[PDB]
Structures are given as C-alpha cells and as structure tokens.
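Some notes on the structure that comes next.
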Amino acid sequence: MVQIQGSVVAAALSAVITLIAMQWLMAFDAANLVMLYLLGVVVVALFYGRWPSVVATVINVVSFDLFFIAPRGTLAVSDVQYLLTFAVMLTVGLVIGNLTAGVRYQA
C-alpha cells in the first residue's frame, strides 16, 4: 500500500530533523555540507515518492536554496538562525499539512 505523504514522509522528515539536531548539536555546526546533504537528498527522494502535489517541489526547493545559510555562520550576512528557522517552520508547516491530509483525508 502507498499513501500520498504518510508514514514515509513522517519517517523521512523524522530522520532528517533527528540528523539535523544531532549534527547541529555535535561540535558547533549545522553539518559538513555532506552528511546532512547526503541524508537530506536521500530523504528528499523518499519524500518525492509521495505523489507530486507541488508541496514536495516547494519543500525541496526551499531546502535546496536554503542549503547554504544553515550553519551558525556559513559566511552569511543575515541571521542564519532566523533564516533557517523560518525555512524549517515553513517546511514543517508543509510536511505537517501534507502528512495530516494524507492520514486524515476528510474531517
């Protein structure tokens, strides 16, 4: 069986957030522009395989474009923490919305 944005989305996003939190917590950086990207992309692929409803594209694009101003510095000029936070919040909103819709078709 396969649903549009379900357990796969939750698992994928979960692994991602967990990895992000773990990596961010470890040492003092968001990631070495590899581990997070590798796992991220893998998860992104997992997310992509949940029916093309724009949201996935947006989520991927946001993360893709944001893939630079993540670490607490990354030679950025604006507030990396805030910028990332916003991107994360927006992404979360999309994920939760999709996951909710997928699991809860109608109400």
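The chains in the structure tokens are called A, B, ... from first to last as shown; in each chain the residues are counted from 1, and the ligands are counted from 1 in the order shown.
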
| task | Would you list the contacts of region 52-65 of chain A as a VMD selection string, taking every protein, DNA or RNA residue within 7 Å and counting only C-alpha atoms, but skipping same-chain residues closer than 6 positions in sequence? | result | chain A and resid 44 87 91 94

| said: For region 20-31 of chain A, find every residue with an atom within 7 Å (counting only C-alpha atoms), except residues of its own chain fewer than 5 positions away, and show them as an MDAnalysis selection string. | reply: chainID A and resid 36 70:72

With N, CA, C and O atoms retained, write the just-selected residues as an mmCIF file, in the first residue's frame.
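Full text of selection.cif as output:
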data_model
loop_
_atom_site.group_PDB
_atom_site.id
_atom_site.type_symbol
_atom_site.label_atom_id
_atom_site.label_comp_id
_atom_site.auth_asym_id
_atom_site.auth_seq_id
_atom_site.Cartn_x
_atom_site.Cartn_y
_atom_site.Cartn_z
ATOM 1 N N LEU A 36 24.680 15.859 6.039
ATOM 2 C CA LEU A 36 23.329 16.416 6.011
ATOM 3 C C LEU A 36 22.768 16.425 4.585
ATOM 4 O O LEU A 36 21.595 16.115 4.374
ATOM 5 N N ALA A 70 22.717 27.536 6.556
ATOM 6 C CA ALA A 70 22.240 26.650 7.621
ATOM 7 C C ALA A 70 23.112 26.758 8.880
ATOM 8 O O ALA A 70 22.609 27.102 9.952
ATOM 9 N N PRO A 71 24.432 26.463 8.779
ATOM 10 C CA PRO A 71 25.352 26.540 9.930
ATOM 11 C C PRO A 71 25.390 27.933 10.569
ATOM 12 O O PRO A 71 25.198 28.943 9.887
ATOM 13 N N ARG A 72 25.645 27.977 11.880
ATOM 14 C CA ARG A 72 25.717 29.241 12.629
ATOM 15 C C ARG A 72 26.898 30.109 12.163
ATOM 16 O O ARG A 72 27.809 30.422 12.943
#

| field | Two-atom distance - CA of residue 84 (chain A), CA of residue 5 (chain A) (Å) | value |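 CA of residue 5 (chain A) lies 23.1 Å from CA of residue 84 (chain A).
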
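Note that the spacing between CA of residue 48 (chain A) and CA of residue 102 (chain A) amounts to 14.1 Å.
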
| When DSSP works through the backbone of this structure, what residues of region 32-96 of chain A end up as alpha helix (DSSP H), shown as number ranges by chain? | A: 35-48, 55-66, 80-96

Could you save those same residues with N, CA and C atoms as a short mmCIF file (atom, residue, chain, number, x, y, z; two decimals), in the first residue's frame?
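And here is the file that came out, again.cif:
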data_model
loop_
_atom_site.label_atom_id
_atom_site.label_comp_id
_atom_site.auth_asym_id
_atom_site.auth_seq_id
_atom_site.Cartn_x
_atom_site.Cartn_y
_atom_site.Cartn_z
N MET A 35 27.25 15.07 5.00
CA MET A 35 26.39 14.15 5.75
C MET A 35 24.93 14.60 5.69
N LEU A 36 24.68 15.86 6.04
CA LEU A 36 23.33 16.42 6.01
C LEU A 36 22.77 16.43 4.58
N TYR A 37 23.61 16.77 3.61
CA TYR A 37 23.19 16.80 2.21
C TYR A 37 22.89 15.39 1.70
N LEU A 38 23.80 14.45 1.95
CA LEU A 38 23.61 13.07 1.52
C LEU A 38 22.30 12.51 2.07
N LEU A 39 22.18 12.49 3.40
CA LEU A 39 20.96 12.01 4.06
C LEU A 39 19.75 12.83 3.62
N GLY A 40 19.92 14.15 3.60
CA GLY A 40 18.85 15.05 3.18
C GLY A 40 18.32 14.68 1.81
N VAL A 41 19.21 14.61 0.82
CA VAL A 41 18.83 14.24 -0.54
C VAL A 41 18.09 12.89 -0.55
N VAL A 42 18.66 11.90 0.15
CA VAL A 42 18.04 10.58 0.24
C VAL A 42 16.61 10.71 0.75
N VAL A 43 16.44 11.45 1.85
CA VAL A 43 15.12 11.69 2.43
C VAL A 43 14.24 12.43 1.43
N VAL A 44 14.82 13.44 0.76
CA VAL A 44 14.10 14.22 -0.24
C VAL A 44 13.53 13.27 -1.30
N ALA A 45 14.36 12.33 -1.76
CA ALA A 45 13.92 11.34 -2.73
C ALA A 45 12.73 10.56 -2.16
N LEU A 46 12.88 10.12 -0.90
CA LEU A 46 11.81 9.40 -0.21
C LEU A 46 10.53 10.24 -0.20
N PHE A 47 10.68 11.53 0.12
CA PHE A 47 9.56 12.47 0.15
C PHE A 47 8.95 12.63 -1.24
N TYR A 48 9.81 12.80 -2.25
CA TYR A 48 9.38 12.95 -3.63
C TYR A 48 8.44 11.81 -4.02
N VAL A 55 3.71 20.81 -3.30
CA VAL A 55 4.27 20.91 -1.95
C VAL A 55 5.67 20.30 -1.85
N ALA A 56 5.84 19.09 -2.39
CA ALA A 56 7.14 18.42 -2.37
C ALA A 56 8.19 19.28 -3.08
N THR A 57 7.83 19.76 -4.28
CA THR A 57 8.72 20.63 -5.06
C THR A 57 9.11 21.85 -4.24
N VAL A 58 8.11 22.50 -3.64
CA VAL A 58 8.35 23.67 -2.80
C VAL A 58 9.29 23.32 -1.65
N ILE A 59 8.93 22.27 -0.90
CA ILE A 59 9.75 21.81 0.23
C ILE A 59 11.20 21.57 -0.21
N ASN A 60 11.36 20.81 -1.29
CA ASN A 60 12.69 20.51 -1.82
C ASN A 60 13.42 21.80 -2.22
N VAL A 61 12.75 22.63 -3.02
CA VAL A 61 13.32 23.90 -3.47
C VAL A 61 13.78 24.74 -2.28
N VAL A 62 12.88 24.95 -1.31
CA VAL A 62 13.21 25.72 -0.12
C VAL A 62 14.48 25.20 0.53
N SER A 63 14.51 23.90 0.83
CA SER A 63 15.68 23.28 1.44
C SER A 63 16.91 23.45 0.55
N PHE A 64 16.73 23.22 -0.76
CA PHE A 64 17.82 23.35 -1.73
C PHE A 64 18.42 24.75 -1.69
N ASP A 65 17.58 25.76 -1.91
CA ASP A 65 18.02 27.16 -1.88
C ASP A 65 18.61 27.51 -0.51
N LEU A 66 17.95 27.04 0.55
CA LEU A 66 18.43 27.30 1.91
C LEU A 66 19.74 26.55 2.20
N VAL A 80 21.39 33.71 10.08
CA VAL A 80 21.32 32.31 9.66
C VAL A 80 20.31 31.53 10.50
N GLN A 81 20.39 31.69 11.83
CA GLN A 81 19.48 31.01 12.74
C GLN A 81 18.02 31.33 12.39
N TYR A 82 17.72 32.61 12.19
CA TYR A 82 16.37 33.04 11.84
C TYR A 82 15.96 32.52 10.46
N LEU A 83 16.81 32.79 9.45
CA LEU A 83 16.54 32.34 8.08
C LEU A 83 16.25 30.84 8.06
N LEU A 84 17.14 30.06 8.67
CA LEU A 84 16.96 28.61 8.74
C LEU A 84 15.68 28.27 9.49
N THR A 85 15.48 28.92 10.65
CA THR A 85 14.28 28.71 11.46
C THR A 85 13.02 28.88 10.62
N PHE A 86 12.95 29.99 9.87
CA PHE A 86 11.80 30.26 9.01
C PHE A 86 11.62 29.13 7.99
N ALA A 87 12.70 28.81 7.27
CA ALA A 87 12.67 27.73 6.28
C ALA A 87 12.20 26.42 6.91
N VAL A 88 12.70 26.15 8.12
CA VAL A 88 12.32 24.94 8.85
C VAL A 88 10.83 24.99 9.20
N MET A 89 10.39 26.11 9.76
CA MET A 89 8.98 26.30 10.12
C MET A 89 8.08 26.11 8.90
N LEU A 90 8.39 26.83 7.82
CA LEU A 90 7.62 26.72 6.58
C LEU A 90 7.59 25.26 6.11
N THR A 91 8.77 24.64 6.05
CA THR A 91 8.89 23.24 5.64
C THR A 91 8.03 22.35 6.54
N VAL A 92 8.13 22.57 7.85
CA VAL A 92 7.34 21.81 8.83
C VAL A 92 5.85 21.98 8.53
N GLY A 93 5.42 23.23 8.33
CA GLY A 93 4.02 23.50 8.01
C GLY A 93 3.57 22.70 6.80
N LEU A 94 4.41 22.66 5.77
CA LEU A 94 4.11 21.90 4.56
C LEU A 94 4.03 20.40 4.88
N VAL A 95 5.05 19.89 5.58
CA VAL A 95 5.10 18.48 5.97
C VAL A 95 3.88 18.08 6.81
N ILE A 96 3.65 18.80 7.91
CA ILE A 96 2.52 18.52 8.79
C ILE A 96 1.20 18.59 8.01
#

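Put simply, CA of residue 32 (chain A) is 26.5 Å away from CA of residue 49 (chain A).
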
| remark: Among A:17, A:75, A:11, A:4, residue 100 (chain A) is approached most closely, using only C-alpha atoms, by A:4

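Residues surrounding residue 6 (chain A) within 9 Å are residues 2, 10, 11, 50, 98, 99, 100, 101, 102 and 103 of chain A [only C-alpha atoms; sequence separation below 4 positions excluded].
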